[PDB]
>>> print(open('entry_38.pdb').read())   # PDB, C-alpha atoms
ATOM      1  CA  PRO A  67       0.000   0.000   0.000  1.00  0.00           C
ATOM      2  CA  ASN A  68       3.046   2.283  -0.291  1.00  0.00           C
ATOM      3  CA  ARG A  69       4.083   2.010  -3.949  1.00  0.00           C
ATOM      4  CA  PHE A  70       1.136   3.324  -5.974  1.00  0.00           C
ATOM      5  CA  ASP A  71       0.437   2.735  -9.666  1.00  0.00           C
ATOM      6  CA  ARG A  72      -1.836   4.528 -12.111  1.00  0.00           C
ATOM      7  CA  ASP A  73      -4.209   1.602 -12.661  1.00  0.00           C
ATOM      8  CA  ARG A  74      -4.830   0.757  -9.006  1.00  0.00           C
ATOM      9  CA  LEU A  75      -5.168   4.435  -8.082  1.00  0.00           C
ATOM     10  CA  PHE A  76      -7.728   4.885 -10.865  1.00  0.00           C
ATOM     11  CA  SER A  77      -9.654   1.863  -9.589  1.00  0.00           C
ATOM     12  CA  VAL A  78      -9.492   3.255  -6.041  1.00  0.00           C
ATOM     13  CA  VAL A  79     -10.841   6.674  -7.023  1.00  0.00           C
ATOM     14  CA  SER A  80     -13.488   5.177  -9.320  1.00  0.00           C
ATOM     15  CA  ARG A  81     -15.280   3.406  -6.461  1.00  0.00           C
ATOM     16  CA  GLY A  82     -15.589   6.684  -4.548  1.00  0.00           C
ATOM     17  CA  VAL A  83     -14.364   5.181  -1.257  1.00  0.00           C
ATOM     18  CA  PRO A  84     -11.618   7.343   0.329  1.00  0.00           C
ATOM     19  CA  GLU A  85     -10.464   4.979   3.098  1.00  0.00           C
ATOM     20  CA  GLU A  86      -7.680   3.234   1.135  1.00  0.00           C
ATOM     21  CA  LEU A  87      -6.018   6.514   0.084  1.00  0.00           C
ATOM     22  CA  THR A  88      -3.786   6.361   3.183  1.00  0.00           C
ATOM     23  CA  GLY A  89      -0.338   6.150   1.610  1.00  0.00           C
ATOM     24  CA  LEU A  90      -0.250   8.769  -1.143  1.00  0.00           C
ATOM     25  CA  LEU A  91       1.536  11.342   1.021  1.00  0.00           C
ATOM     26  CA  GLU A  92       3.979   8.721   2.301  1.00  0.00           C
ATOM     27  CA  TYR A  93       4.952   7.617  -1.209  1.00  0.00           C
ATOM     28  CA  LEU A  94       5.164  11.192  -2.500  1.00  0.00           C
ATOM     29  CA  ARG A  95       7.507  12.126   0.363  1.00  0.00           C
ATOM     30  CA  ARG A  96       9.478   8.861   0.074  1.00  0.00           C
ATOM     31  CA  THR A  97      10.178   8.721  -3.678  1.00  0.00           C
ATOM     32  CA  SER A  98      10.357  12.542  -3.934  1.00  0.00           C
ATOM     33  CA  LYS A  99       7.653  12.764  -6.602  1.00  0.00           C
ATOM     34  CA  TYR A 100       4.401  14.665  -7.053  1.00  0.00           C
ATOM     35  CA  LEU A 101       1.000  13.346  -8.165  1.00  0.00           C
ATOM     36  CA  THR A 102       1.229  15.299 -11.457  1.00  0.00           C
ATOM     37  CA  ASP A 103       3.999  12.995 -12.725  1.00  0.00           C
ATOM     38  CA  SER A 104       3.769  10.910 -15.881  1.00  0.00           C
ATOM     39  CA  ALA A 105       3.741   7.834 -13.621  1.00  0.00           C
ATOM     40  CA  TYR A 106       0.085   8.497 -12.708  1.00  0.00           C
ATOM     41  CA  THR A 107      -1.271  10.203 -15.854  1.00  0.00           C
ATOM     42  CA  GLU A 108      -2.028   8.768 -19.280  1.00  0.00           C
ATOM     43  CA  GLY A 109       1.105   8.803 -21.418  1.00  0.00           C
ATOM     44  CA  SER A 110      -0.759   9.251 -24.717  1.00  0.00           C
ATOM     45  CA  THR A 111      -3.147  12.105 -23.838  1.00  0.00           C
ATOM     46  CA  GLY A 112      -2.262  13.432 -20.381  1.00  0.00           C
ATOM     47  CA  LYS A 113      -5.348  12.398 -18.434  1.00  0.00           C
ATOM     48  CA  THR A 114      -4.713  12.447 -14.678  1.00  0.00           C
ATOM     49  CA  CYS A 115      -6.395  10.836 -11.679  1.00  0.00           C
ATOM     50  CA  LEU A 116      -8.687  13.811 -11.011  1.00  0.00           C
ATOM     51  CA  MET A 117     -10.054  13.386 -14.532  1.00  0.00           C
ATOM     52  CA  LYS A 118     -11.099   9.759 -14.058  1.00  0.00           C
ATOM     53  CA  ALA A 119     -12.405  10.593 -10.584  1.00  0.00           C
ATOM     54  CA  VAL A 120     -14.730  13.289 -11.931  1.00  0.00           C
ATOM     55  CA  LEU A 121     -15.803  11.334 -15.030  1.00  0.00           C
ATOM     56  CA  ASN A 122     -17.513   8.854 -12.668  1.00  0.00           C
ATOM     57  CA  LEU A 123     -19.834   9.999  -9.877  1.00  0.00           C
ATOM     58  CA  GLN A 124     -22.379   8.160  -7.735  1.00  0.00           C
ATOM     59  CA  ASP A 125     -25.583  10.157  -8.352  1.00  0.00           C
ATOM     60  CA  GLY A 126     -23.343  13.226  -8.217  1.00  0.00           C
ATOM     61  CA  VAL A 127     -21.215  12.427  -5.145  1.00  0.00           C
ATOM     62  CA  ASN A 128     -17.526  11.485  -5.086  1.00  0.00           C
ATOM     63  CA  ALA A 129     -16.007  11.741  -1.609  1.00  0.00           C
ATOM     64  CA  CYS A 130     -12.489  10.899  -2.835  1.00  0.00           C
ATOM     65  CA  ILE A 131     -12.172  14.334  -4.466  1.00  0.00           C
ATOM     66  CA  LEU A 132     -11.729  16.143  -1.139  1.00  0.00           C
ATOM     67  CA  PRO A 133      -8.926  13.901   0.227  1.00  0.00           C
ATOM     68  CA  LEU A 134      -7.325  13.804  -3.213  1.00  0.00           C
ATOM     69  CA  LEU A 135      -7.208  17.589  -3.572  1.00  0.00           C
ATOM     70  CA  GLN A 136      -6.084  18.225   0.007  1.00  0.00           C
ATOM     71  CA  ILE A 137      -3.260  15.684  -0.288  1.00  0.00           C
ATOM     72  CA  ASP A 138      -2.346  17.149  -3.685  1.00  0.00           C
ATOM     73  CA  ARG A 139      -1.996  20.665  -2.283  1.00  0.00           C
ATOM     74  CA  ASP A 140      -0.136  19.187   0.695  1.00  0.00           C
ATOM     75  CA  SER A 141       2.524  17.981  -1.771  1.00  0.00           C
ATOM     76  CA  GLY A 142       2.664  18.942  -5.430  1.00  0.00           C
ATOM     77  CA  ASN A 143       4.202  21.100  -8.114  1.00  0.00           C
ATOM     78  CA  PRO A 144       2.873  24.708  -8.115  1.00  0.00           C
ATOM     79  CA  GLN A 145       0.082  23.370 -10.333  1.00  0.00           C
ATOM     80  CA  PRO A 146      -1.981  21.028  -8.069  1.00  0.00           C
ATOM     81  CA  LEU A 147      -3.518  19.036 -10.948  1.00  0.00           C
ATOM     82  CA  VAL A 148      -6.032  21.856 -11.476  1.00  0.00           C
ATOM     83  CA  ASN A 149      -4.053  23.574 -14.260  1.00  0.00           C
ATOM     84  CA  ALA A 150      -2.391  20.408 -15.579  1.00  0.00           C
ATOM     85  CA  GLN A 151      -4.231  19.805 -18.848  1.00  0.00           C
ATOM     86  CA  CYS A 152      -4.308  17.263 -21.654  1.00  0.00           C
ATOM     87  CA  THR A 153      -1.866  17.388 -24.564  1.00  0.00           C
ATOM     88  CA  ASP A 154      -3.393  15.183 -27.283  1.00  0.00           C
ATOM     89  CA  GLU A 155      -4.213  17.094 -30.459  1.00  0.00           C
ATOM     90  CA  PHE A 156      -7.829  15.946 -30.136  1.00  0.00           C
ATOM     91  CA  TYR A 157      -8.212  17.474 -26.645  1.00  0.00           C
ATOM     92  CA  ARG A 158      -5.346  19.945 -26.245  1.00  0.00           C
ATOM     93  CA  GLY A 159      -5.669  22.109 -23.152  1.00  0.00           C
ATOM     94  CA  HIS A 160      -8.708  20.198 -21.880  1.00  0.00           C
ATOM     95  CA  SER A 161      -8.531  20.533 -18.090  1.00  0.00           C
ATOM     96  CA  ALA A 162     -10.496  19.223 -15.123  1.00  0.00           C
ATOM     97  CA  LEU A 163     -12.697  22.312 -14.743  1.00  0.00           C
ATOM     98  CA  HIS A 164     -14.348  21.944 -18.157  1.00  0.00           C
ATOM     99  CA  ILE A 165     -14.918  18.223 -17.569  1.00  0.00           C
ATOM    100  CA  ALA A 166     -16.504  18.947 -14.191  1.00  0.00           C
ATOM    101  CA  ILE A 167     -18.754  21.606 -15.727  1.00  0.00           C
ATOM    102  CA  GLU A 168     -19.791  19.159 -18.454  1.00  0.00           C
ATOM    103  CA  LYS A 169     -21.805  16.714 -16.330  1.00  0.00           C
ATOM    104  CA  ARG A 170     -24.190  19.556 -15.325  1.00  0.00           C
ATOM    105  CA  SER A 171     -23.115  19.739 -11.690  1.00  0.00           C
ATOM    106  CA  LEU A 172     -22.136  22.721  -9.556  1.00  0.00           C
ATOM    107  CA  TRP A 173     -20.575  21.426  -6.308  1.00  0.00           C
ATOM    108  CA  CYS A 174     -17.525  20.028  -8.105  1.00  0.00           C
ATOM    109  CA  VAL A 175     -17.069  23.502  -9.583  1.00  0.00           C
ATOM    110  CA  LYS A 176     -17.285  24.958  -6.073  1.00  0.00           C
ATOM    111  CA  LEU A 177     -14.485  22.758  -4.769  1.00  0.00           C
ATOM    112  CA  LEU A 178     -12.285  23.014  -7.863  1.00  0.00           C
ATOM    113  CA  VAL A 179     -12.389  26.819  -7.931  1.00  0.00           C
ATOM    114  CA  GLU A 180     -12.144  27.172  -4.144  1.00  0.00           C
ATOM    115  CA  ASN A 181      -8.860  25.253  -3.921  1.00  0.00           C
ATOM    116  CA  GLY A 182      -7.495  27.463  -6.711  1.00  0.00           C
ATOM    117  CA  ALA A 183      -7.359  27.112 -10.496  1.00  0.00           C
ATOM    118  CA  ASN A 184      -7.137  29.120 -13.735  1.00  0.00           C
ATOM    119  CA  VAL A 185     -10.733  29.687 -14.832  1.00  0.00           C
ATOM    120  CA  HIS A 186      -9.313  31.473 -17.889  1.00  0.00           C
ATOM    121  CA  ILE A 187      -7.511  28.301 -19.013  1.00  0.00           C
ATOM    122  CA  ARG A 188      -8.777  27.317 -22.463  1.00  0.00           C
ATOM    123  CA  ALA A 189      -8.638  24.137 -24.549  1.00  0.00           C
TER     124      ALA A 189
END
>>> encode(input="entry_38.pdb", output="structure tokens")
Amino acid sequence: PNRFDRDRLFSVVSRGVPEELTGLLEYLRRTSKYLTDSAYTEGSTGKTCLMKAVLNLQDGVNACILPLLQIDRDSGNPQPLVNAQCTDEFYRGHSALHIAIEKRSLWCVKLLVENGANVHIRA
């Protein structure tokens, strides 16, 4: 439960259960890496864990988002996966804020903007 991989982290966030997220901070402070690294994001497009987390919601609730964002800001590159955007020509610049706004929800927008972001970021 210390060494984390993209696939298992994506499965963890997908279920919306935040109990097994104990270990992200320990790994990030042990291997000296952030959560915005290529090791956790898609290598073809640039999709990150926040993206998969917000693409799946249980009737509009995903409790893992709060622990994920707080741990991200607790340790991360000056962009806490809120300005890190896709790179594929199909979806260049596509960030988490647009994806959150897509599903026709508002709370996710509240949290994403509150923790800080670049609302002017464009795709």
>>> resolve_selection(input="entry_38.pdb", expression="the PyMOL selection byres ((chain A and resi 150) around 12)", output="PyMOL selection string")
chain A and resi 101-104+107+111-117+142-149+151-153+158-163+183-184+187-189
>>> closest_residue(input="entry_38.pdb", among="A:121, A:75, A:180, A:140", to="residue 167 (chain A)", atoms="all atoms listed in the file")
A:121
>>> residues_near_point(input="entry_38.pdb", point="(-15.6, 7.4, 2.0)", cutoff="12 Å", atoms="all atoms listed in the file", output="tab-separated table (two decimals) with C-alpha atoms, in the frame of the given file")
chain	number	residue	atom	x	y	z
A	78	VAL	CA	-9.49	3.26	-6.04
A	79	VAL	CA	-10.84	6.67	-7.02
A	80	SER	CA	-13.49	5.18	-9.32
A	81	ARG	CA	-15.28	3.41	-6.46
A	82	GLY	CA	-15.59	6.68	-4.55
A	83	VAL	CA	-14.36	5.18	-1.26
A	84	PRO	CA	-11.62	7.34	0.33
A	85	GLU	CA	-10.46	4.98	3.10
A	86	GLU	CA	-7.68	3.23	1.14
A	87	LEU	CA	-6.02	6.51	0.08
A	88	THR	CA	-3.79	6.36	3.18
A	124	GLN	CA	-22.38	8.16	-7.74
A	127	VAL	CA	-21.22	12.43	-5.14
A	128	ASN	CA	-17.53	11.48	-5.09
A	129	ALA	CA	-16.01	11.74	-1.61
A	130	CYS	CA	-12.49	10.90	-2.84
A	131	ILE	CA	-12.17	14.33	-4.47
A	132	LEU	CA	-11.73	16.14	-1.14
A	133	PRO	CA	-8.93	13.90	0.23
A	134	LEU	CA	-7.32	13.80	-3.21
>>> residues_around(input="entry_38.pdb", residues="residue 169 (chain A)", least_positions_apart="2", cutoff="10 Å", atoms="only C-alpha atoms", output="count of residues only")
12
>>> resolve_selection(input="entry_38.pdb", expression="the PyMOL selection byres ((chain A and resi 89) around 9)", output="list in words")
residues 67, 68, 69, 70, 86, 87, 88, 90, 91, 92, 93 and 94 of chain A
>>> axis_aligned_box(input="entry_38.pdb", around="region 170-181 of chain A", padding_each_side="6 Å", output="AutoDock Vina command-line options")
--center_x -16.5 --center_y 23.4 --center_z -9.6 --size_x 27.3 --size_y 19.6 --size_z 23.4
>>> closest_residue(input="entry_38.pdb", among="A:176, A:95, A:108, A:100", to="residue 154 (chain A)", atoms="all atoms listed in the file")
A:108
>>> closest_residue(input="entry_38.pdb", among="A:181, A:77, A:110, A:97", to="residue 139 (chain A)", atoms="only C-alpha atoms")
A:181
>>> atom_distance(input="entry_38.pdb", atom1="CA of residue 136 (chain A)", atom2="CA of residue 73 (chain A)")
21.0 Å
>>> closest_residue(input="entry_38.pdb", among="A:71, A:135, A:106, A:155", to="residue 178 (chain A)", atoms="all atoms listed in the file")
A:135
>>> atom_distance(input="entry_38.pdb", atom1="CA of residue 119 (chain A)", atom2="CA of residue 76 (chain A)")
7.4 Å
>>> build_atoms(input="entry_38.pdb", residues="region 124-144 of chain A", atoms="N, CA and C atoms", output="CSV table (one decimal), in the frame of the given file")
chain,number,residue,atom,x,y,z
A,124,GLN,N,-21.2,8.9,-8.2
A,124,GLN,CA,-22.4,8.2,-7.7
A,124,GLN,C,-23.5,9.2,-7.5
A,125,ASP,N,-24.5,9.2,-8.4
A,125,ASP,CA,-25.6,10.2,-8.4
A,125,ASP,C,-25.1,11.6,-8.0
A,126,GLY,N,-23.9,11.9,-8.4
A,126,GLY,CA,-23.3,13.2,-8.2
A,126,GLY,C,-22.5,13.4,-7.0
A,127,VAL,N,-22.1,12.3,-6.3
A,127,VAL,CA,-21.2,12.4,-5.1
A,127,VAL,C,-19.9,11.6,-5.4
A,128,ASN,N,-18.8,12.2,-5.0
A,128,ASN,CA,-17.5,11.5,-5.1
A,128,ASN,C,-16.7,12.0,-3.9
A,129,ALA,N,-16.7,11.3,-2.8
A,129,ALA,CA,-16.0,11.7,-1.6
A,129,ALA,C,-14.5,11.7,-1.7
A,130,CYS,N,-13.9,11.0,-2.7
A,130,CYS,CA,-12.5,10.9,-2.8
A,130,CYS,C,-11.9,12.2,-3.3
A,131,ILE,N,-12.7,13.1,-3.9
A,131,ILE,CA,-12.2,14.3,-4.5
A,131,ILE,C,-11.6,15.2,-3.4
A,132,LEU,N,-12.2,15.3,-2.2
A,132,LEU,CA,-11.7,16.1,-1.1
A,132,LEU,C,-10.4,15.6,-0.6
A,133,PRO,N,-10.3,14.4,-0.2
A,133,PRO,CA,-8.9,13.9,0.2
A,133,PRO,C,-7.9,14.0,-0.9
A,134,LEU,N,-8.3,13.7,-2.1
A,134,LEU,CA,-7.3,13.8,-3.2
A,134,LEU,C,-6.8,15.2,-3.4
A,135,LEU,N,-7.7,16.2,-3.4
A,135,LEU,CA,-7.2,17.6,-3.6
A,135,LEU,C,-6.4,18.1,-2.4
A,136,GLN,N,-6.8,17.7,-1.2
A,136,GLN,CA,-6.1,18.2,0.0
A,136,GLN,C,-4.7,17.6,0.0
A,137,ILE,N,-4.6,16.3,-0.3
A,137,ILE,CA,-3.3,15.7,-0.3
A,137,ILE,C,-2.4,16.2,-1.4
A,138,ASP,N,-3.1,16.6,-2.6
A,138,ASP,CA,-2.3,17.1,-3.7
A,138,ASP,C,-1.7,18.5,-3.3
A,139,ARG,N,-2.5,19.4,-2.7
A,139,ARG,CA,-2.0,20.7,-2.3
A,139,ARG,C,-1.0,20.5,-1.1
A,140,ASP,N,-1.1,19.5,-0.3
A,140,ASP,CA,-0.1,19.2,0.7
A,140,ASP,C,1.2,18.8,0.1
A,141,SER,N,1.3,18.3,-1.1
A,141,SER,CA,2.5,18.0,-1.8
A,141,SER,C,2.3,17.9,-3.3
A,142,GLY,N,2.8,18.9,-4.0
A,142,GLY,CA,2.7,18.9,-5.4
A,142,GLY,C,3.4,20.1,-6.0
A,143,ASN,N,3.6,20.0,-7.3
A,143,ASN,CA,4.2,21.1,-8.1
A,143,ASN,C,3.2,22.3,-8.1
A,144,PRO,N,3.8,23.5,-8.3
A,144,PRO,CA,2.9,24.7,-8.1
A,144,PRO,C,1.5,24.6,-8.8
